[PDB]
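Working notes, structure below.
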Ligand SMILES: [Br-]
């Protein structure tokens, strides 16, 4: 039911990849975890769930964000699920922005996607239960993500305020119902009734929030998707209209890539550490 696929020592801790049979997704799923040195001592550590964006697997962040050095210093485990169900038994699309590598962290209601694309239930319910039963971790968790994953982290935190201590994102899709990436995915996964899309839009959820999770968002000003897909100003508007504890930082010259993420990921870890402990 569970297989450890790889184990790589990293800054005194361990990066480990797993495969398991997911009950929510009804298929084999891969996730990666980074266990800091503290995990080898008997201590329990907090967990930051990291949600990746379009076309990513469970490994991109682990390999490219350079989060391990500070995670090891702070004693924080990081768990990175895949971005969709995977396999020939799972529906796909030829486009980078639909299907595999593109689950959008929603529970699909439309055929043929609904058979396996239950990524919201996976990240919110199944994965944390698995993590906490396998690893020396406490029940303190936070969540973060990039782009499609930034959309994932914000929506999931906003909808589950009592479960997450803090949330952050790089370049999130803030207002998916109003951009092509979100409209294409939601139409496919959720259908044409745009009313059902509302619970999966970070900006709408932030406007509606009754409970707050402290939020940190970083956006690169040289990000080519900023105006058409991401719309940080819409998230700022939502926050201002609902007393929301959001800090949104804009960075000149920085883009959408992991070069941007790596340049600021330490701020995120320190932010999450503040609330995890
Ligand atoms: Br993305």
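All of the numbers you see were taken from the coordinates with simple rules; none came from a lab. Cβ: placed from backbone, ideal geometry, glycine included. Neighbour counts: every protein chain shown.
Give me the percent relative contact order of the chain, please, defined on Cα pairs under 8 angstrom at least 6 residues apart. Write out the running numbers ahead of the final one.
Numbers: 636 pairs, mean separation 46.8, N = 277.
The normalised contact order for the chain reaches 17 percent.
Taking other Cβ within 10 Å of each residue's Cβ, how do 272, 20 sort, fewest first?
Least to most surrounded, the residues fall as 20, 272.
Kirkwood-based Rg over Rh for segment 75-189 (C-alpha set), two decimals? Walk me through the numbers on the way to the answer.
Details: Rg = 14.3 Å, Rh = 14.8 Å.
In segment 75-189, Rg relative to Rh is 0.97.
With the cut-off at 1.5 for a/c, could you classify segment 218-276 from its C-alpha gyration tensor as rounded, prolate or oblate? The partial results should precede the final answer.
Numbers: a/c = 2.72, a/b = 1.03, b/c = 2.63.
Cα axes put segment 218-276 in the oblate bin.
Quick one: P(r) of segment 127-184 from all Cα-Cα pairs, 5 Å bins, percents rounded to integers, in order of increasing distance.
4, 19, 22, 21, 15, 10, 5, 3, 0
Report the normalised scattering of segment 36-103 as log10 I(q)/I(0) at q = 0.14, 0.15, 0.21 Å⁻¹, calculated by the Debye formula with identical scatterers on the alpha carbons.
-0.52, -0.57, -0.84
Kindly provide the helix-only [θ] at 222 nm of the chain, computed as the sum of -39,500 (n - 2.57) over DSSP H runs of four or more divided by all residues, to the nearest 500 deg cm²/dmol?
After summing the helix terms and dividing by residue count, I get -8000 deg cm²/dmol.
With the Cα gyration tensor of segment 160-277 giving a ≥ b ≥ c as the square roots of its eigenvalues, does the rule (a/c under 1.5 for rounded; else a/b larger than b/c for prolate; else oblate) give rounded, prolate or oblate?
The shape class here is oblate.
What is the distance in Å between the Cα centres of segment 140-200 and segment 29-79?
After rounding, the separation between the Cα centres reads 21 Å.
With an 8 Å Cα cut-off and a minimum separation of 6 or more residues, compute the relative contact order for segment 183-277 in percent. Intermediate values should be presented prior to the final figure.
Working: 83 pairs, mean separation 28.4, N = 95.
In percent, rounded to a whole number, it is 30.
So how do 127-139, 37-49 stack up, highest first, on mean other-Cβ count within 10 Å?
Going from most to least packed, we get 37-49, 127-139.
Radius of gyration and Dmax for the chain's Cα atoms, expressed in Å?
Rg then Dmax for the chain, in Å: 17.3, 52.
Could you work out the pair-distance distribution P(r) of segment 152-193 from its alpha-carbon pairs, with 5 angstrom bin width and percents rounded to whole numbers?
Values per bin, smallest distances first: 5, 22, 22, 20, 17, 11, 2.
According to the square roots a ≥ b ≥ c of the eigenvalues of the Cα gyration tensor, what is the shape class of segment 193-251, taking rounded for a/c under 1.5, prolate for a/b larger than b/c otherwise, and oblate for the remainder?
Oblate shape, in that a/c is at least 1.5 and b/c is the bigger or equal ratio.
Taking neighbour counts of Cβ atoms within 10 Å as a proxy for exposure, in what order, fewest first, do 27, 179 appear?
27, 179
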